[PDB]
Amino acid sequence: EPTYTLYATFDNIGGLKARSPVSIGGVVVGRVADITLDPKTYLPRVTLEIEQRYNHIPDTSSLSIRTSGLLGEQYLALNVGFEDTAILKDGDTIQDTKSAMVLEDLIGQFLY
Amino acid sequence: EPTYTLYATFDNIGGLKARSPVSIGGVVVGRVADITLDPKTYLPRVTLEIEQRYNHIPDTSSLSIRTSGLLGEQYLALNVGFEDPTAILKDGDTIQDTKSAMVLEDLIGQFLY
Amino acid sequence: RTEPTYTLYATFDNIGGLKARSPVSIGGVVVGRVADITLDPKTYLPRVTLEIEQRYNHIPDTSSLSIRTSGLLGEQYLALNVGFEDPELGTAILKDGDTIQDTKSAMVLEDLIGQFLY
Amino acid sequence: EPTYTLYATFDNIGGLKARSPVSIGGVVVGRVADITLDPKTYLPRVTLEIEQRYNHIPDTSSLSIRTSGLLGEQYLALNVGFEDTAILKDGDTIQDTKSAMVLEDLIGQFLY
Amino acid sequence: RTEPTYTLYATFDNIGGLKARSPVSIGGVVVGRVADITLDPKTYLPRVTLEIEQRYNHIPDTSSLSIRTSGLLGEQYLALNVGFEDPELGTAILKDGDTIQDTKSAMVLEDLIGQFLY
Amino acid sequence: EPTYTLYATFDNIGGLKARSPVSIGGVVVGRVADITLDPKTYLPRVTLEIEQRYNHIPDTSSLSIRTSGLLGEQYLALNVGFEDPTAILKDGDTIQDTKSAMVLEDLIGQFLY
């Protein structure tokens, strides 16, 4: 499958790494190609490669970083948004992101 | 065993994959043959193969995606529904009634917020 | 050589992870083995066949089976709970080919989570 | 080390098996030698072998069945009772026992 | 060849499972490595030496370190949190040999359990 | 490193064994050399060997038995106490202040009852 490039910035990518999958409905449609840290914002930017056969994904789509079972690996959940506006293609950015949970933040929540 | 085909659409199939089992009462009656994503709806469509000897399963039946123990693998729980004046499923029929895999992050967000 | 056994049957709603050769415990002591599991072609209910060591012959009908797990990531097993022997009436002893009417099906991790939350 | 025999009856021995240790203060002083089910009571009877160098253990002592960490193995916690009456030796019984927890009873407690 | 780095130091109360070669993450992206851990012969406090890739040169003094775990049975790592750059005053940039004053020590499983209960 | 001897008595040492470490601030400063059970008190007495380079540890110091992560192994957390007009520990000294291993069954019994 040829792929098209997508970019996304998160506050915290956590356990996500190069080769991590991109799922829709839990089906893998692509892969984290590279992770790097903005020289200026010190915020991580993910580069995605999405199989071409999933070409009709809207800009209103989002990404969440998630885990696969309890001790699972980290993956990216692409949530397909409503169409009315455009469609993503090599070089487009996903605006709407949700950062990995931080186990220590949940323990501090769950206690305090 | 020869098998008969069934189809079912979920919002989220999570860890379910090709060759994942189909259980009834925890007894394996079949296998996920293929998972693919609807070209139009971007919703996963599961193709099931059920051993023929389990032919009298009604339309009011459901599937849930479940895990086998805590760190288990994902499987499909077919719940045989009550039969009443609908029909019986056979090669090519669809199961309307589905329940998508749980998402660890949604349960933690529930349990906290 | 091997301990000779007697056959017992039970029907559950859901046997979960239980399989052929799974043990049968009393007070956590193994007294036998799941011999076969099969799914009724008509009731779509699993029927378990048990082999119990002969030396445990005085088990009453009022006895139960629960499907349980051995620790958190454990294997599945059958807990046979010995019921009380009533001298009033109602209360015999199980022998080759008897059925255990009182069963409890495997717990379903998804049902516990759905309970615990909703 | 030569050993002396001790016996004990529990309602439920759970995951305890032949060769399981007998700890005092978390120090191993002996071993489950055999487990068997009373022909009449259908209650498990444990046979223990205790290293001889621990000879001054009173009758008022108890046994609890416990687990070593979360996914640990099962062991027997011998709790040394007060002396005023006697001392255990080859063939004596420990009256005071506490049966293994049953994971399904704790889940039913924790929910209902 | 290898990315050249700059040295940073930090003192914690308790470094827990953190060891030499443990990573340093920003937003979960690795920017460096624990180079050495040693215990002050006088303060009996652990002092960590860090090597940060040069290409991350614009980190402010108001930045912090927390010792964290990667999933539940994970390995220990250092979360460097980039602080705000104040144009009023008080707020420089770290260079070879600077110290990170703001630290948070490893969590102690026994302290969480003692909290959660008592 | 040459080492200096220390002794300490706990109610329950749990999973702690010979060769278990002694940490300060999570830095290993020594090893459990031997565990044995007092012939009289039936209480476990731990013999510790501490690297000599950590000689200035006060009597008001404590030991706790702890676990390294959830499924971790057991180790001894030496907490250096505040020094005030007592003394310093050296080959043969005893640590009064101890905390015995947690017992999973006691925490579950707390958490429920």
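Labels for the chains are A, B, C, D, E and F, by order of writing; each one numbers its residues from 1.
In the analysis below, a residue touches a chain if its C-beta (ideal position, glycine included) is under 8 Å from a C-beta of that chain, and two chains touch if they have at least 3 such contacts.
Visitor: If each hop has to land on a touching chain, what is the smallest number of hops from chain B to chain F?
Guide: 3
Visitor: Taking the mean of the C-alpha atoms as each chain's centre, how many Å separate chain A from chain E?
Guide: Centre separation, chain A to chain E: 26 Å.
Visitor: Where the CA atoms of chain D average out and where those of chain E average out, how many Å apart are those spots?
Guide: Comparing mean C-alpha positions, chain E is 47 Å from chain D.
Visitor: Which residues does chain E have that touch at least 2 chains other than itself?
Guide: Residues 69, 72-73.
Visitor: Pick one for the touching-chains graph, please: line, ring, star, complete, other.
Guide: ring
Visitor: Can you list every chain round the ring, opening with chain D and moving on to chain F?
Guide: The cyclic sequence of chains is D, F, E, A, B, C, beginning at chain D and stepping to chain F.
Visitor: What residues of chain E sit close enough to touch chain F in their complex?
Guide: These residues of chain E touch chain F: 12-18, 37-39, 41-42, 44-46, 69, 72-73, 105-106, 108-110, 113, 117.
Visitor: Going by the contact rule set out above, which residues of chain E touch chain A in the complex?
Guide: Residue positions touching the partner: 26-29, 31, 55-56, 58-59, 66, 68-74, 79, 82, 107, 112, 115-116.
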